[PDB]
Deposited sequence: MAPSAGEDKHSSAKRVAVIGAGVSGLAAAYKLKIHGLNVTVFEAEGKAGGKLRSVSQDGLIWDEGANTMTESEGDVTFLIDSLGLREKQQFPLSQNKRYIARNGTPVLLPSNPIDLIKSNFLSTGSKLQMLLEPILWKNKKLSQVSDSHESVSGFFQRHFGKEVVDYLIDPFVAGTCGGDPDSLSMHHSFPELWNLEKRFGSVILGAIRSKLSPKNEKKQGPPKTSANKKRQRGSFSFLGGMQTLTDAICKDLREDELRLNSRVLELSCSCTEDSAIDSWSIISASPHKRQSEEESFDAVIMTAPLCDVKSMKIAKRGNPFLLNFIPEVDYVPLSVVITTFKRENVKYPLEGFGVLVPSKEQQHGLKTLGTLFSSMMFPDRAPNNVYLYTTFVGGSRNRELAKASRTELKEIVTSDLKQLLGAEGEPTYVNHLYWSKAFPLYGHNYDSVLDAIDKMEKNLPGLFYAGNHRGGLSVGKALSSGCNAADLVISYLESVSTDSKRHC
């Protein structure tokens, strides 16, 4: 009977733990926090249902489809009732975003010089930032009101400080080969097998919030499987002796109330953020194993603010999923990142005579705004909501959660970060990392790095013989 340690009870760790159990292996999951949900955190209150973390997800990954079926969550899968229409703030007011490439050249959303620069992109065309790349290829307007809002809506980050290579792999490649983005994209998408049937390829959630997914995985784990409040402090792997595959031991705190303890395992799946792996006393044989080589990864800080206005006071409502605020719009009074039209997407999340708005504040464009008092946050949100949707008066209700490290910032030296994760995995056998600082930042992707970590542990525990 082999045992596998899994540090972190986020969607990634739960994915890994689940894929592990259904294959016999006995598992133990250490969770620093008091609740299992990872960045997936749904809350239920006074006639409201909201997500303080991930709000939606997609199944572009085989593993997502697989899990949705295993746990039997199809009936709980919830799609938006509202049309898929996103808006961008331009000069300080919502403008409808173009649904497809054609409308881009056919509408007025772009200047005459931007369209010509796009159309002629096929002819006119290491550490490059998302911003630089797109700039030289399609122009500034397209970086400011298109790719910027997109990055803001994905991690709340800033185009100027993201590795183009690491952020958009599917595009860095095409340039290397084809040389001109426009041409490449066309080449491919215009000329792992699981179930599904291209049925509702859009995004979606689950009745009750994104946390429903995480809970489903937890109902298959015993109280001894899932150890909450037990944050991992140290790791230790002993080799040699009389046996084979090395042995790992975990020192987690709160063994009770301000207590410490240990346990021995055969493999360990690392799922906590890279900035948390650093503050972990890990040792090889008998002498420490210094993580000095771990580059210092930065994070996008931001808080999710929830507000609710009586429909009678929202002068200019918009139909769709929400509004993104281009960092350039700060010079127009808009201080938030963007806001989702929650009750419009999921009307059950609130009373039919009110609007539920999930707003994101802070981000790379303004870190000291994520840490504002609920009051200060309350006004920031109202202020933008007034100017964007014509929201009149006070929020009727306000709540929020602050994430000091919401998303990993795939920066310049991110080419080296990956190297360290690999150096660590190579020098400390049995240890497999599967955070979201590798595969990508999205429920779906982390889920996959979790599964992929589990069967990596599996063919390692079985390579023995």
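Colleague: No C-alpha coordinates means not modelled. Give me those stretches of the deposited sequence in order.
Modeller: Coordinates drop out over 1 to 12, 138 to 147, 214 to 223, 498 to 504.
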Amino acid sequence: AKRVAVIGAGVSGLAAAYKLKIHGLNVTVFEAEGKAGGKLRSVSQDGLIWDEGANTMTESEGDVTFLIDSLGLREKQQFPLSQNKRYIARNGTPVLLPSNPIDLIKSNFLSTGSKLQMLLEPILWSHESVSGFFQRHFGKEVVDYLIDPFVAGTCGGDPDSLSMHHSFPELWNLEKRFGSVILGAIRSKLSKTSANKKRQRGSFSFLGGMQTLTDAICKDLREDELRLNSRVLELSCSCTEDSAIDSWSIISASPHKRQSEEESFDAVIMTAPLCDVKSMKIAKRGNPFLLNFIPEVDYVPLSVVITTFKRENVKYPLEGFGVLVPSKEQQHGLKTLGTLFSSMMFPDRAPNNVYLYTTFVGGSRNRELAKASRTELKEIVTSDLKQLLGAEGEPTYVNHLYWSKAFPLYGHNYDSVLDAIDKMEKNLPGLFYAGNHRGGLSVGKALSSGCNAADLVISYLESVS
From here on, numbers count along this sequence of modelled residues.
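Colleague: Tell me which stretch, 7 to 15 or 447 to 455, has the higher mean Cα B-factor listed in the entry.
Modeller: Result of the comparison: 447 to 455.
Colleague: Please compare 407 to 415 with 50 to 58 and name the stretch with the higher mean C-alpha B-factor in the deposited structure.
Modeller: Result of the comparison: 407 to 415.
Colleague: Using only the C-alpha B-factors in the record, can you name which of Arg365, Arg136, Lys189, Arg86 has the highest?
Modeller: Reading the PDB entry, the winner on C-alpha B-factor is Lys189.
Colleague: Say you rank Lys115, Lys278, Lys378, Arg90 by Cα B-factor from the PDB entry; which sits at the top?
Modeller: Highest C-alpha B-factor among the listed options: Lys278.
Colleague: Going by the CA temperature factor in the PDB record, which third of the chain does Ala32 belong to: lowest, middle or highest?
Modeller: CA B-factor rank for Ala32: lowest third.
Colleague: Lowest, middle or highest third: which one holds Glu312 when the chain's residues are ordered by CA B-factor from the entry?
Modeller: Ranked within chain, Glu312 CA B lands in the highest tercile.
Colleague: What third of the chain, by the recorded C-alpha B-factor, contains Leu162?
Modeller: Middle third - that is where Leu162 ends up once the chain's C-alpha B-factors are sorted.
Colleague: Where does the C-alpha B-factor of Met424 rank in its chain, lowest, middle or highest third?
Modeller: Its C-alpha B-factor belongs to the highest third of this chain's values.
Colleague: So where's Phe289 on the chain's Cα temperature factor ranking, which third?
Modeller: As the PDB entry reports it, the C-alpha B-factor of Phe289 lands in the highest third of its chain.
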